[PDB]
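Heads up, the chain below is alone and in the form deposited in one PDB entry; it's given as structure tokens.
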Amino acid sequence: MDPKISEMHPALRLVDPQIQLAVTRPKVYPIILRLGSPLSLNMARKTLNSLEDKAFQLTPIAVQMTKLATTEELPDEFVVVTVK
């Protein structure tokens, strides 16, 4: 039990709404992280569709995150991903 949402342990962060979780049920949810550890995101694509010479390219994506000031900033529905 933490004194406020901007100061939780581990930190609570909203992920930039440019990245959300899609669930087929497809509905899109904001992601709240509980950051028990860092994580990273890479976009990947198979560039050659070829059994004998298969190639993938990856690009790291910087994930902007927001600290919340009050529980008014928590949406009505969202997912929580708890790391570590």
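Residue numbers here begin at 1 and follow the sequence given. Take the two forms, find the largest set of C-alpha atoms that superpose within 1.5 Å, and that set is the rigid core.
Per the record, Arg25 and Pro26 are separated by 10 or more deposited residues that are missing from the model. With 72-80 and 56-64 compared on mean CA B-factor from the PDB entry, the stretch scoring higher is 56-64. In the deposited entry, the Cα temperature factor of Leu41 sits in the middle third of values across the chain's modelled residues.
What follows is about the form deposited in another entry, which we do not show.
Core-superposed comparison between the shown form and the other one: the Cα of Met43 travels less than 2 Å.
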